[PDB]
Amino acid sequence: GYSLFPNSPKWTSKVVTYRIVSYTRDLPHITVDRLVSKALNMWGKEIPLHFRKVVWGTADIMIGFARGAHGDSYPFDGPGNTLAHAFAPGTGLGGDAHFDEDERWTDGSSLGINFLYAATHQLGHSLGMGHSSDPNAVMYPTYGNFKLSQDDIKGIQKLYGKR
């Protein structure tokens, strides 16, 4: 079923900050804001951790959209191939979540990759989830109206304990 990362990295404080640093032309800014919150809260309701939003500067979890090279070892690659990627908890790049601007993203009302789904998967990595062998899990390694699976909940609660 679920996996963690080696040595179980996790956030150490009861509060974790996050910032949406850059946006996508595909959606209003407020729509991205509301979906990110919804994704975070899917995981947060299960565990003793609370998320605080910031609008400037560096936050623990930096979230954004980018084209091409964007300052880490994993540059984006144009339309297709890689869609998005995220990092396990830690300082600096740890926790951050990046989305390729050269895809099409949707809130559900148009063509595109469903952003809510994608953000819930990526932010699972940002909280310390690896990939699951269970096909029903949000953390299954491939993209394929939803909820966390029982395997997703068991894994996140193994790492943080229960709310």
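Residue indices: 1-based, along the sequence shown.
Where the other entries of this protein model the residues before and after it, residue 144 is dropped from at least a third of them. Per the record, residue 144 and residue 145 are separated by 4 to 9 deposited residues that are missing from the model.
As listed in the deposited structure, the average C-alpha B-factor of 34 to 42 and of 92 to 100 is greater for 34 to 42. According to the PDB record, 50 to 58 carries the higher mean C-alpha B-factor of the two stretches 124 to 132 and 50 to 58. In the PDB entry, residue 111 places in the highest third of its chain by CA B-factor.
Sort the chain's modelled residues by C-alpha temperature factor and residue 27 lands in the highest third, per the entry. Per the PDB record, residue ranking by Cα B-factor puts residue 10 in the lowest third of the chain.
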